[PDB]
Each structure stands twice: as structure tokens, then as C-alpha cells.
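Novice: Going line by line, the protein sequences match chains A, B, C and D.
Counted the way UniProt numbering counts, the first sequence spans residues 342 to 389.
Counted the way UniProt numbering counts, the second sequence spans residues 18 to 480.
Counted the way UniProt numbering counts, the third sequence spans residues 9 to 480.
Counted the way UniProt numbering counts, the fourth sequence spans residues 10 to 51.
Please see the structure below; I have some questions.
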Amino acid sequence: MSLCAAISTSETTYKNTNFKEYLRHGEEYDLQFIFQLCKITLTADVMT
Amino acid sequence: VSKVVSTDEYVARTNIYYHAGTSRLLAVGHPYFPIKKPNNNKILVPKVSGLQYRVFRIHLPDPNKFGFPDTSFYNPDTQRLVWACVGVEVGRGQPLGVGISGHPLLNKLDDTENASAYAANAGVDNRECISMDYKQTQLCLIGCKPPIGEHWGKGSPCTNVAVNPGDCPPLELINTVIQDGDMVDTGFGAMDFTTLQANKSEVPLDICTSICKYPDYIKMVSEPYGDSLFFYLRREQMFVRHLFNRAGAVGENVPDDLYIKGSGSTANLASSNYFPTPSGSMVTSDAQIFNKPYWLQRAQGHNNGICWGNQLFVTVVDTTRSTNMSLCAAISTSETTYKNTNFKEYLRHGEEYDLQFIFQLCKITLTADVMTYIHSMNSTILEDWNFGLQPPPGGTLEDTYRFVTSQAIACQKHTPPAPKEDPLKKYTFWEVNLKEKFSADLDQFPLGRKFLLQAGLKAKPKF
Amino acid sequence: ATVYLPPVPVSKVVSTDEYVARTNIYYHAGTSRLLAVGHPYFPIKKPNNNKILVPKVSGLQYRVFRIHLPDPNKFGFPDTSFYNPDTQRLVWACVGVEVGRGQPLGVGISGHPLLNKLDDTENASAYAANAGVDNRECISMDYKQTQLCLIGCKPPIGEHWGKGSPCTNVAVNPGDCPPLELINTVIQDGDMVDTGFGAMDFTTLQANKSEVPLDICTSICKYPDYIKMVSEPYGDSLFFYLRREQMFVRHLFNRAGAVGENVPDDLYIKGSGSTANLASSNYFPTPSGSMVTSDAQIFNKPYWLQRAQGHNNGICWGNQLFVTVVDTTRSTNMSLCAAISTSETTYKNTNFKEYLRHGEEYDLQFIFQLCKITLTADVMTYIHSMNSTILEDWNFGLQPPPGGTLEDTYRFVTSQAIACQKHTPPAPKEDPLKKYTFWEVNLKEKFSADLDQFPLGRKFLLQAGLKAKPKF
Amino acid sequence: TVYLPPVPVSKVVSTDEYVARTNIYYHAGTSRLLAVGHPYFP
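The following block contains the structure:
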């Protein structure tokens with residue numbers, strides 16, 4: 342999206358010198374994560 | 018108990034189905050701006066184009082008032098009736114063709130697609146007359162609470178640095194209810210150009226003043242009851258066309274270390290800002306999401322097609338029919354040598370929808386948990402019903418009569434204040450009344466018999 | 009008061025498959041073929057005369073097809089015994105339909121030699137000039153590709169925009185905005201598809217006459233309204249259809265002429281110098297047809313009509329059946345040239361006249377199924393309710409006069425050279441729609457009792473199986 | 010109704026009626042074909 346601001350709001354004759362130009366950008370994320378539960382049975386080989 | 022439940026729990030489905038629908042719709046206006054008498058503030062013509070959003074508020078009469086051929090199957094004391102919306106249709110009659118928009122003064126530097134030489138120096142008011150097509154879009158929105166949109170906007174900056182004229186205003190994410198007449202995104206994102214664009218020439222006319230908005234599916238679907246929307250469909254597409262520059266004083270210079278200092282013509286940095294030209298693509302008869310039945314059985318929300326307060330919403334937007342017919346009238350019919358001075362030019366623009374709604378009938382048994390749970394959900398609902406009471410006061414009153422007789426008893430009658438019913442009355446938007454149009458037969462209608470066809474069980478008299 | 013409901017007026021129009029019965033017999037008939045020629049842009053006529061030298065013909069023009077059938081109740085069956093001609097009748101049901109097209113597929117085109125235009129708005133390196141006098145130009149474009157088909161026993165109903173009578177408050181000054189109304193009408197042959205300029209009359213609402221290419225300028229482009237069509241109680245307008253169309257943008261222009269309504273200034277910032285004058289605000293798109301394909305063709309393929317959205321199921325009342333077909337695929341305009349002088353070997357543009365002729369290639373083949381009607385009270389009423397004229401070609405006959413009678417017409421013998429009035433023996437006219445001119449075909453002779461001999465029919469076999477009709 | 014009442018026994022028939030299919034199959038084919046020339050005029 343491009344926007345512009347006016348350094349001088351008075352004159353009604355348009356002048357390119359009157360506006361500074363800026364560029365800003367949006368970002369939108371969301372996360373929803375299912376999860377299942379797990380247990381580990383445990384011995385030597387396991388550990389190793 | 019907390020934690021909202023699937024409305025199909027307590028609701029029970031009846032055996033009866035009804036249909037009603039408007040005859041039709043046909044709308045005409047001017048796409049670019051509304052027309053008004055020049056000195057007057059009253060509108061001569063309303064601004065209309067396909068680009069404008071469309072909202073539809075649809076009332077139903079209270080079924081508990083609606084006598085059935087046999088009303089015996091329920092008790093009006095312990096129970097109520099509330100309408101369920103099984104299936105929905107949207108008619109469109111216009112021949113499919115694409116409109117267009119532009120602006121006579123458009124901020125532009127030059128063409129950046131191909132440049133054989135470095136450009137010239139920015140003059141004063143280089144804006145030009147140029148037009149472009151908006152992104153194609155189709156969507157449909159259905160539910161018992163108003164569709165919730167969102168847009169960018171200017172917020173209150175932190176007060177630390179003093180803002181000089183021309184500084185970058187901070188940005189903010191702002192929800193609001195969606196109002197009719199509002200504009201689809203052009204690919205320039207949902208925001209208020211009026212506030213954040215002082216140039217006013219940075220976009221074509223149609224969207225310049227308004228605030229383009231866009232539906233936020235998350236927050237919408239995030240509602241616990243889903244009553245914002247229980248259903249929708251969407252299609253859109255876009256591709257790039259042209260590549261331009263903003264023309265004006267540079268707000269923020271590029272760090273030099275990102276390039277190598279030039280000289281002569283290359284000493285001055287050309288405008289850094291680029292903006293795309295969005296382009297609609299080839300439309301087709303296949304991707305049309307209208308003129309085809311829908312069947313709503315299960316939705317994402319626990320609300321299943323329940324319309325509370327006899328109220329149901331439809332939000333529909335399409336650019337496919339945006340066609341702008343041009344016409345011309347002659348100020349003088351005499352001369353046979355044509356002169357451009359002889360003809361005034363005007364722009365009028367058509368719109369056509371149609372609405373046909375199935376409905377299923379539903380009864381609610383009560384208990385305290387019931388009564389509370391609803392009252393918890395929205396208590397205004399019970400108001401339109403007859404349950405909640407509410408003992409009144411009022412021992413004595415002194416009438417003194419009569420007052421115009423000017424022996425002064427006091428000055429008195431102050432209580433209008435509650436015809437007020439719609440809290441959203443502040444929100445103006447499109448309106449329709451179906452209340453008269455119900456009928457008890459799906460056979461006589463074009464749409465209905467499909468309902469039978471889908472679920473079977475054709476039942477008709479003999480001849 | 010208003011809506012608290014113990015009403016029941018209506019007796020419920022019902023699905024025609026209730027009372028109609030289906031027989032065991034099937035037939036076919038079809039034309040050899042059809043085609044036609046004409047000039048795409050305008051019809052040709054002797055310059056002084058009013059009579060047409062060449063009819064205006066192009067694919068862009070709509071096509072209507074009216075198809076008569078002979079009364080099956082006058083029709084001998086190999087065995088007629090299965091019914092009684094007294095208590096019953098016979099009416100044709102239309103099972104399946106075909107549309108032949110043999111042309112090689114190619115796209116035509118149209119334009120206008122004087123086209124209202126300012127300049128190109130897609131790219132401008134500088135502000136435009138000031139509007140002169142008569143800037144119109146010779147420019148052309150291609151129309152939107154379209155394919156559709158319409159079938160039913162009542163004429164296809166179209167619609168268009170149009171100018172109506174002003175609400176009389178403000179007096180109209182010359183050049184005031186002529187305003188808009190929606191108008192239904194019957195669809196006539198020779199009428200034009202939308203170009204993407206919308207269904208309306210340019211003649212009335214466009215005084216410039218130059219705002220569109222020739223072909224549509226005088227005519228009124230119309231478009232079929234499915235809603236108002238389909239929602240008919242009987243469906244008898246159309247019990248079926250198919251549609252395809254597509255379009256995309258190409259060019260972006262300006263209308264050139266006196267601005268009718270100025271834009272509110274607050275919608276922009278006032279310029280100066282060259283930027284003092286606002287350029288023409290009106291833009292109009294250039295519609296552009298896309299790539300045609302052999303795949304999306306809706307023709308040369310059979311159809312099967314069993315269930316329709318209307319209660320009418322393929323029933324043709326009054327031995328009458330309608331087909332409306334429109335396509336832009338075959339619009340190809342072949343150009344030719346002739347030499348006024350064959351002698352000189354140095355090519356000279358003055359030596360050749362140029363002409364444009366165009367082909368339109370149609371074919372029709374129809375299945376038919378045979379159906380009988382038993383008569384009772386409710387029967388008679390229900391039809392008499394539906395359309396009483398439908399009965400008319402049956403043997404009412406008459407109804408009889410539970411309609412009244414003529415009270416003894418006056419036949420009074422005079423040479424006419426008495427002073428006594430004119431008397432002219434009356435009553436040919438059988439068509440209420442006779443006002444509406446459109447294409448005509450007669451099948452009445454062409455029925456045959458065996459599908460085996462035809463290309464189309466045996467598909468009817470193949471799909472329904474059982475190949476030899478008298479076997480399992 | 011004019012042309013239908015008369016009818017003789019007529020009927021072109023489906024060639025699978027009288028023809029009989031056998032149990033034998035064969036193959037043959039050209040090696041390949043190749044042609045050369047000028048696209049515009051001879």
C-alpha cells in the first residue's frame with residue numbers, strides 16, 4: 342500500500358513538492374495446531 | 018455449564034418446510050460518483066456500481082404468530098418456534114461483462130517497464146488521465162449476525178517525537194461492521210485513502226473517498242456461536258499489468274550503500290516508489306458461484322442455520338456484471354456536420370439480483386439451563402419472545418385535567434424514548450421485506466422442487 | 009391482521025408426468041440441412057428502392073427455429089388399436105435434440121469507420137490535447153465468444169434496457185440524461201447478442217450513433233433472462249438449456265464530447281495550465297474474445313431430456329416446438345474481390361471492388377416420443393385453465409359452445425352494386441404471434457418409423473440399449 | 010401423416026448381422042514414410 346502526507350495543507354494548486362511518499366506493508370499470520378500425546382516405554386536399547 | 022454447545026443439541030427439527038422470496042431486483046446508478054444538485058446537498062442520483070458491496074437484511078415474521086394447518090403438534094406455552102435456513106440461492110439476470118474505472122489526474126512518473134534513457138526531472142502536477150480494471154471477485158456470506166470486516170487505518174501515534182508536516186502516520190488494524198455501498202479492494206488493500214492519502218489522486222475516483230474493506234475469516238469464524246456467518250464461498254484472481262512510479266518529493270531516501278553513486282543524469286535518484294496495475298482476467302461461465310442451489314446441513318459454527326430474532330443476513334458481491342453502458346444525448350439535432358460540442362455524455366449502470374430461500378421450522382423446549390443459556394448467549398432474544406417477566410410498578414398518578422387550560426399544573430409529557438429497536442439503526446444498508454410472501458408449497462416454485470428432488474419423496478395430488 | 013394464515017386459494021399446477029402417459033413408440037424426422045448468406049454489417053438494398061438486395065446475415069444475429077409437427081391424432085400407426093380416438097388424444101413429447109454445425113471454426117469481427125474516441129488511456133506520457141470537432145476514427149474489435157441453446161414450447165423471452173417516460177416534475181432540457189427502464193419482449197430473429205455493452209436500444213439512448221460498431225448500432229441487443237423464463241408456472245417457455253461464454257479486457261479508451269456531468273471537485277485537487285482542464289472522465293472497455301477450442305463446443309453432441317426444472321416434461325402442446333441457438337464460433341467472414349479491369353498488369357487499388365459475404369450453417373435432428381391423454385373433468389379443466397387455445401386444434405369441437413354461438417351472420421344477396429355495404433369472406437389467420445417474424449422450417453413430411461436408418465437414432469438405442477427395438 | 014401409412018420391408022442392416030468374426034489376427038505396417046519439399050510453392 343502506498344500513502345502520502347502533505348507538508349503544506351494550504352495551497353490549492355497541486356505541487357509535487359508538497360507530499361512526502363512512504364511505503365508500508367502488512368503481514369498476517371495465524372497458527373492453530375492439534376497435538377496428540379505419547380509416552381515412551383523404556384529400557385537399555387531404548388536409552389542407547 | 019460454560020463452553021457453547023452444538024445448536025443441534027436442544028433444537029428439534031420439524032416436518033414442515035416453507036418458501037418465500039422476492040420477485041426480483043433491478044438497480045441503476047452512476048459508477049464513479051453520486052449525482053446531486055450543484056448548490057444543494059440532496060442527491061439527484063445515487064452512486065451505484067457493481068463494485069459497491071451489497072448487504073441484504075431480510076426480516077421474517079414471528080412463526081409463533083403463524084398459524085399452521087394443524088397447530089396441535091406443539092404447545093405455545095412451554096415452547097416457541099424459530100426459523101431454520103436450509104438452503105439459499107442468488108439469482109443474477111444481467112449478461113456477463115466487465116466494467117472499468119480510472120481517474121483524470123493520476124499520480125505517475127513514467128513507464129518503468131522499458132526505459133531507454135534516464136527520465137526527466139519532476140515538474141509540478143504531472144498527474145495524468147489513466148484507467149485500469151479491478152480484480153475479479155465472487156463471494157457469498159450467510160448468517161444471523163452482520164458480516165464483520167476490517168481495514169487499515171491511521172491510529173494515534175505515540176507521543177514522543179513531534180510530528181512534522183509530511184511525516185509517516187502510523188497504521189492500525191480496525192474492525193467494523195460492513196456497510197452497503199462500500200468498496201472492494203482494488204488490490205490496494207483495505208484502508209482509508211482519504212486519511213492516509215492527502216494527494217487524493219493516487220487512485221481512481223470510485224474508491225478515493227470511501228474506505229475499501231475486506232472480510233476477516235478468522236475473527237469472523239472465531240465467534241463462539243458462529244452466528245456471524247455459518248457459511249460462505251469465495252473466488253478471486255488477479256495478475257499484473259503495468260509498472261509505474263509515484264511522482265512527488267521523496268519521503269525517505271534510500272541508503273546509499275545499497276547502490277553506487279551516479280553522476281550527471283545518474284546523480285539524481287529517480288522516484289523509488291513503484292505500484293502495480295492490477296488486472297482482471299478472463300471471466301467464465303463456469304466459475305459463477307450464483308444461479309446454483311446450495312444445501313446447508315453442517316456448518317463450521319455450532320449455530321446450524323438458526324436465525325435468531327426472525328432475522329437473516331445475506332452479503333453478496335460480484336464484479337462480473339460491472340458493465341457500464343454509455344449513452345449520449347444531442348443538444349441540437351439540426352446540423353449534419355458532427356461536432357463534439359453537440360453531445361452530452363452520461364454513465365448509468367445496471368444491477369440485478371434475486372433471492373429465494375428455503376426454510377425449515379424449529380421448536381425449542383425450555384428448562385432453566387435452556388432459558389439461561391440463551392439469555393446468556395443473547396438476552397435480547399427472549400425479549401422478542403414472551404417468556405421473560407419482569408413485574409411492573411405503578412401505584413398512583415395525578416392528572417389535574419386539563420393542561421391547555423393554562424392554570425398551571427406542570428409541563429409534562431416526556432416519554433417517547435423506546436420505539437428504538439434496531440441497535441444497528443445507525444448502520445444504513447439495503448432492505449427487503451419478505452413477511453407477506455411465505456407459501457406452504459415447494460411445488461409451485463422453480464427452486465423448491467429441487468429440494469424435493471434432492472431429498473426425494475415427491476408427493477402431489479392426483480389428476 | 010395481515011399475515012395470520014388460514015388461506016388456501018390455489019389448486020397447484022402439477023408435474024405433467026402425472027396425467028400424461030408414455031407409449032412404446034419412438035420416431036425421428038429432420039431437415040436435410042440449413043445455411044444462409046448475407047452481409048455481416050448491414051443488409052444490402054437497391055439505393056433508391058426500399059427492397060433488399062441482400063439480407064443482412066451474420067453469426068452475431070440470433071437464430072430462432074420454429075418447428076411444426078403434424079397432428080399425431082390424424083396419424084396412422086402400424087397398429088392404432090392401443091388407444092381410443094374418442095376419449096383420448098395424442099401429443100408429442102420431445103425426448104432428445106441435436107444441433108448440427110459443419111462450418112470450419114473461425115472467428116469473425118466488426119468495427120466502425122467513425123468511432124467516438126479521445127486517446128489511449130492505457131499509457132500516457134503527457135496530458136492530452138483539447139477536443140476538436142469530429143475526432144471519430146476507424147477502429148474495430150472482436151465480440152465476446154458465446155454458446156447457448158434453448159428448447160421449449162413457448163417463445164424464448166428476452167429483456168433489454170430501454171428509455172421510458174419521464175416522471176413529470178423537472179422539464180427536460182436538450183441533452184438531459186435519458187434514463188433507463190427494464191423491458192421484457194419476445195425474442196426475434198436477426199437480433200443481436202450483447203457485445204458487453206449491455207442489452208438496450210442504442211438508437212434511442214445513443215444519439216451519436218457512432219458509439220458502437222455498425223452491426224448493433226440500429227438493432228436492440230437483447231439477452232435471455234433465466235429467472236423470468238424459468239419461474240414460469242409450467243416451464244413451457246423452456247424446459248432446458250445450456251450456456252457458455254467468456255470475455256476479457258483489451259483496450260481502454262475515452263468518450264469524446266461535451267461532458268454531461270462534471271465530477272465533484274472535492275474528489276480531486278484542481279490543476280493548472282494543462283492540468284486546468286479535466287480530461288474526459290468516461291472510459292469504456294474493449295471486449296475481446298478469447299481462444300476458441302474444439303472442446304467447449306456445445307454442438308454436434310446429443311442430449312437427453314428426462315427431467316426438467318419445469319413441470320412440463322418435454323411436452324409440445326399444439327404440435328409446436330421451439331429451438332433458439334446462437335454461436336459466435338463460426339463467425340468467419342470470407343473476403344473476396346473482383347476486377348473491374350483485367351488488362352493492366354500494374355496493380356491499382358482503383359481496379360478492385362471489395363465485398364463481404366458470410367455463411368451460416370445449421371442442421372436439426374429430433375427424437376420424439378408418443379404420448380396419449382385420458383380425458384376427465386379435472387383433466388379438461390386443468391388444460392382449459394393452462395391455455396385453452398392449446399385445446400383448440402384438438403377436436404373440442406367446438407368445446408362445444410359452452411362458449412356461446414354466432415347469432416346468424418348476414419349473407420344478403422346484392423351485386424355489391426346495390427348500395428349495401430362491403431362484405432369480404434373472412435378468417436385465415438391462425439397465428440397470434442404472426443406479428444413476430446422469424447425463421448421457419450417444416451418437418452411435417454419427414455417422420456420415419458425406424459431409427460436404425462439414421463445416424464442419430466441408433467445412439468438412442470445404444471444408450472437405452474435393447475438393440476433391436478423388438479427384443480430383450 | 011401423408012407419407013407414413015405405406016411402408017415396405019426395407020432396413021439397411023448392421024454389418025455385424027451377416028458378417029462373422031473369426032479367431033485369427035494379423036499385423037502389417039510400413040517401415041516408415043519420409044517426405045521433403047518447399048512450404049510455399051513447388
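No residue lacks a Cβ here, since even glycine has one placed at the ideal position from N, Cα and C.
1) Mind pulling the chain D residues with CB within less than 7 angstroms of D458/C?
2) Between the C-alpha atoms of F376/A and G104/C, what's the straight-line distance to the nearest angstrom?
3) Give me the Cα-Cα distance between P410/C and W402/C, rounded to the nearest whole angstrom.
4) Could you check where the alpha helix (DSSP H) with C379/B kicks off and where it finishes?
5) From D233/C to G110/B, what distance separates their C-alpha atoms?
6) Report yes if the CB atom of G297/B is closer than 9 angstroms to the CB atom of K452/B, and no otherwise.
7) Quick test of your reading: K53/B and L61/B, contact by CB under 8 angstroms. State the CB separation rounded to the nearest angstrom.
8) Looking only at C-alpha atoms, which of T95/C, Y49/C and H47/C sits nearest to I381/C?
9) In this structure, how does DSSP classify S343/C when only helix, strand and coil are distinguished?
10) Pull up the CB-CB distance for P310/C and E145/C, whole angstroms please, since I reckon it's below 8 angstroms.
11) Let's test the definition: count the other Cβ atoms within 10 Å of the Cβ of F90/C and tell me whether it reaches 16, buried, or not, exposed.
12) Using a Cβ-Cβ distance under 9 angstroms, would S133/C count as near chain A?
13) What would DSSP say about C324/B, mapped onto helix, strand or coil?
14) Quick check: is the beta carbon of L190/C nearer than 9 angstroms to any beta carbon in chain B?
15) Taking the runs of the alpha helix (DSSP H) that are 4 residues or longer, which of them lie wholly in the stretch 226–312 of chain C?
16) If you drop the 5 nearest sequence neighbours on each side, which residues of the same chain put their C-beta closer than 7 angstroms to that of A264/C?
17) Could you tell me which chain A residues have their CB closer than 7 angstroms to the CB of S280/C, listed as they occur along the chain?
18) For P186/B, return the contacting residues in chain A, with the cut-off set at a CB-CB distance below 7 angstroms.
19) Below 8 angstroms on C-beta distance, what does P93/C contact in chain D?
20) Which of the three DSSP states, helix, strand or coil, is assigned to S396/C?
21) Got a sec: is the Cβ-Cβ distance from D197/C to anything in chain B below 9 angstroms?
22) Note down the Cα distance separating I191/B from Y231/B, rounded to an integer number of angstroms.
23) Can you name, in chain order, every residue of its own chain whose Cβ lies under 8 angstroms from the Cβ of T31/C, other than the five neighbours on each side?
24) Does the beta carbon of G297/B come closer than 9 angstroms to any beta carbon on chain C?
25) Nearest by alpha-carbon distance to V22/B: which of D223/B, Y390/B and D439/B is it?
26) Using a Cβ-Cβ cut-off of 9 angstroms, state whether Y311/C counts as contacting chain B.
27) On the three-state DSSP scale, how would you describe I147/B?
28) Do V331/B and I159/B come within 9 angstroms of each other at the CB atom, strictly closer than that value?
29) What does the Cβ neighbour count give for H36/B, buried or exposed, with the cut at 16 atoms within 10 Å?
30) Are the C-beta of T39/D and some C-beta of chain C separated by less than 9 angstroms?
31) Quick one: Cα of residue 481/C to Cα of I75/C, how far?
32) Beta carbon of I306/B, beta carbon of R252/B: below 9 angstroms?
33) When the Cβ atoms of the stretch 178–188 of chain B are set against those of the stretch 316–335 of chain C, are three or more pairs found closer than 8 angstroms?
34) Going by DSSP, what residue range makes up the beta strand (DSSP E) through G160/C?
35) Check the DSSP bridge columns for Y35/C and list the partner residues they point to.
36) For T337/B, count neighbouring Cβ atoms within 10 angstroms of its own Cβ and tell me buried if that reaches 16, exposed if not.
Specialist: In short, the structure shows the following:
1) Within chain D, the residues near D458/C are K20.
2) In a straight line, the C-alpha of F376/A is about 57 angstroms away from that of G104/C.
3) Approximately 16 angstroms between the Cα atoms of the pair.
4) From DSSP, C379/B is part of no alpha helix (DSSP H) but of the beta strand (DSSP E) over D371 to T382.
5) The alpha-carbon atoms of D233/C and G110/B are separated by roughly 6 angstroms.
6) Contact: no.
7) Their Cβ separation, rounded to whole angstroms, is 5 angstroms, which keeps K53/B and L61/B in contact under 8 angstroms.
8) For the residues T95/C, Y49/C and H47/C, the minimum Cα distance to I381/C belongs to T95/C.
9) Assignment of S343/C by DSSP, reduced to helix, strand and coil, places it in the strand class.
10) Rounded to the nearest angstrom, the Cβ distance from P310/C to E145/C is 47 angstroms, too far for a contact under 8 angstroms.
11) Around the C-beta of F90/C, fewer than 16 other C-beta atoms lie within 10 Å, and the residue is accordingly described as exposed.
12) No, its Cβ sits nowhere closer than 9 angstroms to a Cβ of chain A.
13) Correct three-state label for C324/B: coil.
14) Cβ-Cβ to chain B under 9 angstroms: yes for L190/C.
15) Runs found: 234–238.
16) Same-chain partners within the cutoff: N124, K125, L126, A139, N143 and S288.
17) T354, listed in chain order.
18) Within chain A, the residues near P186/B are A346.
19) None at all; the shortest Cβ gap to chain D is about 13 angstroms.
20) Correct three-state label for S396/C: helix.
21) It does not; no Cβ of chain B falls within 9 angstroms.
22) A direct Cα-Cα distance of roughly 11 angstroms separates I191/B from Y231/B.
23) For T31/C, where only same-chain residues beyond five positions count, the Cβ hits under 8 angstroms are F90, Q377, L378, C379 and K380.
24) Contacts with chain C at 9 angstroms (Cβ-Cβ) include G297/B.
25) Nearest of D223/B, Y390/B and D439/B to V22/B, Cα basis: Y390/B.
26) Cβ-Cβ to chain B under 9 angstroms: no for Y311/C.
27) In this structure, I147/B counts as strand in the three-state DSSP scheme.
28) For the pair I159/B and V331/B, the CB atoms are nearer than the 9 angstroms cut-off.
29) Looking at its Cβ environment, which holds 16 or more other Cβ atoms inside 10 Å, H36/B is buried.
30) By this cut-off, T39/D is not an interface position.
31) Because chain C is modelled from 9 through 480, residue 481/C falls outside the range shown and cannot be assessed.
32) Remark: C-beta atoms of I306/B and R252/B approach each other more closely than 9 angstroms.
33) No contact exists between the stretch 178–188 of chain B and the stretch 316–335 of chain C.
34) Here the beta strand (DSSP E) through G160/C covers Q153 to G160.
35) In DSSP, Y35/C forms a bridge with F376/C.
36) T337/B is buried by the Cβ-count criterion.
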